[PDB]
Structure formats: structure tokens, C-alpha cells
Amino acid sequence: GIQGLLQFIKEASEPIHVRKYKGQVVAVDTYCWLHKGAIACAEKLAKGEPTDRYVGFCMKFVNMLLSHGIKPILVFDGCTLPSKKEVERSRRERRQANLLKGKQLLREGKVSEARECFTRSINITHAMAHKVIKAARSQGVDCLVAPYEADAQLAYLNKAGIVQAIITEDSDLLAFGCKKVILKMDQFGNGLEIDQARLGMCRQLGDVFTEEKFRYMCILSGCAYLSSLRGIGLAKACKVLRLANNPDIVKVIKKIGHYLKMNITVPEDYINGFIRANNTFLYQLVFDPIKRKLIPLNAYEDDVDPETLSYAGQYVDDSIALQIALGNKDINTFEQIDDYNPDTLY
């Protein structure tokens, strides 16, 4: 997620109701609902007791969408992306702590604080996701497990014209080049929409409303794939790309201190990591549900060698990718946990 991006481009946002997309197709970033839903039953999840409350939670949203003639496609995160591994480890660490300190507090009588710890330690498993998937399919709703981050899969579905809008809490989706994004959507259908075309409604951006420069700015502010330089956020990054008159981004980043009148030490690795992050936003693997095969989010340019792009996701055989996308294949064990055949979105 781009820290503070939603406030930074807030003038491009427009309150809406989802009936706006009646009779159209909308893809969902389902881990947002999953997380919110799992919080409601955190005690039982932390204690290992059985629960399916989070299923009902997600399902009231899905049913709400259906009541307004919306075709939802639930998308799920798949295998872990190397580019993101660090950030993920950090989350795990925090969760681990909040589990121990939680249990600790249960052995000190204090349950009020223990629950506040349990709510911050929930880990969303693939089994839980799959429960949501079965529940959804029982209502005729398509589900799709992304090969890697759902962000990219969603962006792809949007850019391909497969869906008209993405529902998510996550600002990243704009850096991936989503067309339309629906944030803050509640159980009634009220949300905030940001169109890519309307980023020019943000005077604060200047000419940084093109897809490329916007992406550069997001990376420079600090993202999941690369931490910012010391003291650089959206404002500074944006400013740098505004004053930037050179087309080559590397030389810009080498003169970033000059553009901001600061003494910024830029490590040589920061460049390669920037290239890495850029390439990850551009080329992260996704699954074409129509051709049923793995593809990068955008076609490889002449300036990128795909062999160097392992951090953006490893290729696997299309048949495996398909079984993962169907939610048939367990991400961890790669064993078959279900037998859904749609032949008897795809």
C-alpha cells in the first residue's frame, strides 16, 4: 500500500453507490473482507476453536452486491511474492507477538487487553479463504485465486475489460494501473470511487497523472517492494517528478538531492531495487482466466529481460496455475484439496 496515497489524491475521489455498476462485472479484493470478518471471531481463531463467522461476514457483502444486479468475482492472494516477502515476514512477526502477549494476558486474568491482542494477531489462512470460495460458489459467484498478489490479478481483470471496477481497501491498485477503484465500501453499497482518468482533478499532482510517472512516484514514496529513502514520501516524490525534465528515471533518482535541495545519500542498490519494484508493478504474473494461462500483468517491453524477473513471480505449468486459480490446489502443499470443474468467467 502507498502510505497516505488515498488522502494525497482525495480530490479525484467521488462518493458513489454500487448500484452505479448494476448489470456490470466487479472484481473484489476479498482479503479485505476476510480480514475484517476474521476480526469479529478473533478469540476463537487465536485459541484454535472452529469458526465460520467470517464466511457469513463476506457473504453479506456478496449478497448485497447481488441484490443490485452486480456480478462479483472474488479474487484471492495466492503464492507468496519474493518482492513482498520481507514485508510479509514483518507482519508475521507482529502477529506472532500479539499471539504470545495475548495468551500471556489470558494467564493473568486480563481478557480486555487479551482480546485487543487477539484481534491484532489473526492470520488469514488458505483454508479460510477456501471456505469463503465454497460459500460463494454455492451462490453462483465466480472465484479466482491469483498466482501471486491479488492486486495484480485485479488490475489485469480491470485492464482486460473483464471487470469494470475493483473493490478494495488498497491504494496500490492505482499504481498497478487500475481504471476504476471502489474504496471504503460498506455493507450497504456506499463507497468512494477513484478513476485513473480523473487523477488530473488533483492539483497537488501537477503533470504526474500519467500512468508511468504516477507509478514512479508511488515507488519513490515507499511501497511493499521498496522502502523509501530517509525523509521521502509522496509530497517530495511527486515534487521530484514534477521538476523532473529528464525522461530517464535513473538519472533523476541520482539527482534527487538536487531536485529537493537536500543532501540525500542514494545507495547504488537503491537504483536496482527501484528497477525491481518498477518491474514488479509492471510484470507480476497473473492468470488469464480465458486463455487459462500465466502471463505478466503487462507484455514484456524490449528493455526488459524476463529471465531477470524471478522476483515478480515464478512461472509454473499452466495446468497447475489453473488448479491454483480454481482453488483446487493448496498453495503450500500443492496437493489437491477440492475437485471443482467449471466446464461441466472461464
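Sequential numbering from 1, following the sequence displayed.
Looking only at CA atoms, which has the higher mean B factor in the entry: 292 to 300 or 45 to 53?
Stretch with the greater average CA B-factor: 45 to 53.
Determine, for stretches 333 to 341 and 318 to 326, which one has the higher mean CA B-factor as deposited.
That would be 333 to 341.
Identity of residue with top Cα B-factor, from 162, 244, 183, 218:
Across 162, 244, 183, 218, the entry lists the biggest C-alpha B-factor for 244.
Going by the entry, which of 178, 264, 81, 145 has the most elevated CA B factor?
The record points to 264.
Using the temperature factors of the C-alpha atoms in this entry, rank residue 104 within its chain: lowest, middle or highest third.
Answer is highest: the recorded C-alpha B-factor places it there.
Thinking about Cα B factors across the chain, which third does residue 306 belong to?
Residue 306: CA B-factor falls in the highest third of its chain.
Give the position of residue 112 by CA B-factor within its chain, expressed as the lowest, middle or highest third.
Its C-alpha B-factor, which the entry lists for residue 112, ranks in the highest third among residues of this chain.
Test of reading the entry: by CA B factor among the chain's modelled residues, which third contains residue 213?
Lowest third.
In terms of the CA temperature factor given in the entry, to which third of its chain does residue 96 belong: lowest, middle or highest?
Answer is highest: the recorded C-alpha B-factor places it there.
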